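Just so it is clear, the values below take in all heavy atoms, side chains as well, and ignore hydrogens, waters and symmetry mates. Note on naming: letters A, B, ... go to the chains in the order of the sequence lines (proteins, then strands), and numbering restarts at 1 for each one.
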Amino acid sequence: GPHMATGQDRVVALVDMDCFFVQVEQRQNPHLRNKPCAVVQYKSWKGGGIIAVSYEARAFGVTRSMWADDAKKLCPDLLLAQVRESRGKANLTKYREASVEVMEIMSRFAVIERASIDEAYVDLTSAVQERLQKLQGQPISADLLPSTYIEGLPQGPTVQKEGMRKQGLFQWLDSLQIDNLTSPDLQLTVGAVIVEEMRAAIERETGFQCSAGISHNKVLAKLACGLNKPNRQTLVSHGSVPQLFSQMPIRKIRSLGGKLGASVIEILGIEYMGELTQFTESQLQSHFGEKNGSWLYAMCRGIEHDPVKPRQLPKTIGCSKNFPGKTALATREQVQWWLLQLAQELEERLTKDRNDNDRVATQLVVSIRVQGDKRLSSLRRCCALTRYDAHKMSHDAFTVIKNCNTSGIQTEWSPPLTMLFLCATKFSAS
DNA sequence: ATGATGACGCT
DNA sequence: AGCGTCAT
Ligand SMILES: Cc1cn([C@H]2C[C@H](O)[C@@H](COP(=O)(O)NP(=O)(O)OP(=O)(O)O)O2)c(=O)[nH]c1=O
Ligand SMILES: [Mg+2]
Ligand SMILES: [Mg+2]
């Protein structure tokens with residue numbers, strides 16, 4: 001009890017842009033706003049692959065990874081925006097630039113870790129301290145939390161969705177201990193006021209809406225984010241964890257959505273995150289390894305220590321294209337041509353990066369998939385990246401992969417390539 | 001024929 | 001180094 005750490009030491013948020021590529025296209029084209037719409041890449045095979053979906057289209061069953069032609073059977077009035085195509089591949093520059101717009105705004109409030117093109121974690125611990133002093137010991141108005149849900153409330157002795165939100169919020173704030181500058185629940189609340197302000201700023205300055213989770217660590221912040229979407233934010237307190245976890249499938253917790261999560265379920269014969277509390281740390285470590293067992297033991301109690309890394313910029317800059325089915329690359333000249341295309345996009349991105357962010361990449365990773373392999377990558381090789389020159393980079397990547405060709409006739413490439421990937425890495429200051 | 005990315009762990 | 005996992 002008096003020596004048990006409760007993982008209540010930080011305030012962490014996760015901010016996630018709602019249907020982000022869709023919002024980028026809707027800002028640009030007002031005819032798409034407030035409509036069922038999706039973002040598609042390519043167009044020939046089955047209308048293109050959907051990669052993002054507006055909340056109005058999701059109500060019809062439209063999802064990512066559906067073909068647009070199939071999405072149209074569920075939602076006949078679905079509007080589509082197409083990803084730009086440059087040098088015969090998808091080019092995500094518009095979405096990268098929009099993400100930078102958002103991240104720069106977030107960075108005014110606190111330390112951010114870029115988690116993906118449209119998510120960042122935020123460490124609010126310091127911001128909350130500072131804000132607790134100036135606000136003094138005076139109370140926090142619900143009007144400062146207009147889009148916040150307090151997970152697990154209301155509870156105890158209304159018919160509308162906004163009404164439930166306000167009821168829980170009132171219960172929370174009515175129990176808050178406002179004169180104890182170290183109360184975790186108070187710290188979270190202030191964190192949430194800050195996140196409201198951050199979200200208001202993003203929307204005002206970009207037009208983009210997002211959801212957010214506020215809790216004591218990244219895993220709980222991420223989970224919290226997804227609980228009330230879109231355009232809302234959710235506070236998951238330490239106290240809320242036992243009930244929340246008691247029915248929370250294991251696969252919903254970040255890092256457990258794959259093979260390890262499935263093994264936890266199979267080996268232990270459990271279904272929900274809270275059920276982990278029944279095992280000793282050594283038991284868990286015995287099944288899953290020292291690092292994973294320790295992490296699971298703390299996580300199922302709501303405790304997690306992964307720091308929010310101060311990193312707003314990606315650490316690698318890469319370009320790839322899949323060549324599925326009949327388009328698989330089968331001649332030396334095709335392979336070379338496509339490496340050049342990839343290397344030209346890459347050069348463009350790298351030069352821009354070098355001007356914007358004062359750094360230079362030094363390693364080039366070359367990855368390919370071959371026809372028949374159900375892995376992301378059949379093969380990865382590195383080479384020095386000494387000049388930002390597309391012809392050099394493509395020539396080098398070719399060199400590095402060329403003996404993968406089993407074909408006897410030199411013009412041909414067997415087995416055919418179903419993926420090419422160039423990745424610039426090992427950045428240094430410039 | 002679920003694409004184009006990106007981070008990190010294991011050995 | 002190069003492969004495997006998990007994620008958006
Ligand atoms: C998961 C995922 C996302 N994305 C892009 C499209 C989304 O617009 C953007 C953000 O991903 P997300 O946060 O997973 N999804 P979303 O932002 O579209 O939707 P949500 O509102 O966050 O659910 O990333 C992909 O291109 N491929 C993916 O597999
Ligand atoms: Mg999102
Ligand atoms: Mg996201």
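Inspection of the A:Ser294 and A:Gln285 side chains reveals an N or O donor paired with an N or O acceptor under 3.5 Å. Using modelled atom types and a 3.5 Å distance limit, the side chains of A:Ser147 and A:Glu196 yield a donor-acceptor pair. Looking only at atom types and distance, the side chain of A:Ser54 has no donor-acceptor partner in the side chain of A:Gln26 under 3.5 Å away. Of the N and O atoms on the side chains of A:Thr418 and A:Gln371, not one donor lies less than 3.5 Å from an acceptor on the other residue.
At B:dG9, none of the side-chain N or O atoms of A:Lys259 fall inside 4.0 Å of OP1 or OP2 (strictly under the cut-off). For the pair A:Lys315 and B:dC8, the criterion of a side-chain N or O lying under 4.0 Å from OP1 or OP2 is met. Contact between the side-chain N/O atoms of A:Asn322 and the OP1/OP2 oxygens of B:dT2 is not found at any separation under 4.0 Å. A sub-4.0 Å separation between OP1 or OP2 of B:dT5 and a side-chain N or O of A:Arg349 is present.
For the pair A:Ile50 CD1 and B:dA4 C1', the computed distance is 16 Å after rounding to whole Å. At whole-Å resolution of the value, CG in A:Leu422 and P in B:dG3 are 18 Å apart. If you take CG of A:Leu420 and P of B:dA4, they are 11 Å apart, rounded to a whole angstrom.
Using a 4.0 Å cutoff on non-hydrogen atoms, the parts of residues 92-117 of chain A near DNA chain B are A:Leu92, A:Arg96, ordered by number.
Contacts of A:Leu342 with the nucleic acid, taken as non-hydrogen atoms under 4.0 Å apart, are absent. Across all strands shown, A:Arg311 has heavy atoms under 4.0 Å from sugar-phosphate atoms exclusively, and none from any base. A:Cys319 comes within 4.0 angstrom of the backbone, heavy atoms only, and of no base. No contact: A:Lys326 has no heavy atom under 4.0 Å from any strand. If you check every strand for non-hydrogen atoms under 4.0 Å, A:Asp118 touches sugar and phosphate atoms only.
For the pair A:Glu151 (side chain) and A:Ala224 (backbone), a donor-acceptor distance under 3.5 Å is absent.
Mapping heavy-atom proximity under 4.0 Å, the span of DNA chain C touched by chain A runs 5' to 3' from C:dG2 to C:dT8.
Summary of the strand contacts: A:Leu376 and A:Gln363 both lie near DNA chain C, and taking for each the nucleotide with the nearest heavy atom, the more 5' one is attributed to A:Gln363.
Remark: DNA chain B takes part in the stems B:4-11 with C:1-8, each of 3 or more antiparallel Watson-Crick or G-U pairs, criterion distances under 3.5 Å.
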